[PDB]
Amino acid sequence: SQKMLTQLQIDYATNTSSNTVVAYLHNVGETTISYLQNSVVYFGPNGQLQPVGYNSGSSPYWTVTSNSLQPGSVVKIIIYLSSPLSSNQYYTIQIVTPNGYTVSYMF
């Protein structure tokens, strides 16, 4: 019953330099998010997402320094893309955290 009790949100995300995207994941609920590095990440343009492997050695992949997200905390997720972003497409970040909560952000 813990998916309904959870609240997470991506406060902000942007392409910082080269083909790197940074997203700020913020626990705005009252439950701890465990095993953050076991989350599943998808990313892509125009509603067609690609899986992004955790620290997998090949792009696209993502990194995060924390392995848990306490209530109130925010962490920086870094996504290393294989293709440069186009200004004429919209992009979606989709995350499924271990407990099955899903959070997304478009920019």
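Note that residue numbering begins at 1 and tracks the sequence as displayed.
Of the two segments examined, 67-75 and 32-40, it is 67-75 that shows the higher average Cα temperature factor in the deposited entry.
For the pair 3-11 and 98-106, the mean B factor over Cα atoms is greater in 3-11. For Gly57, the recorded CA B-factor ranks within the highest third of the chain. Only modelled residues enter the ranking.
In this PDB entry, the Cα temperature factor of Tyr90 sits in the top third of its chain's modelled residues, the highest group.
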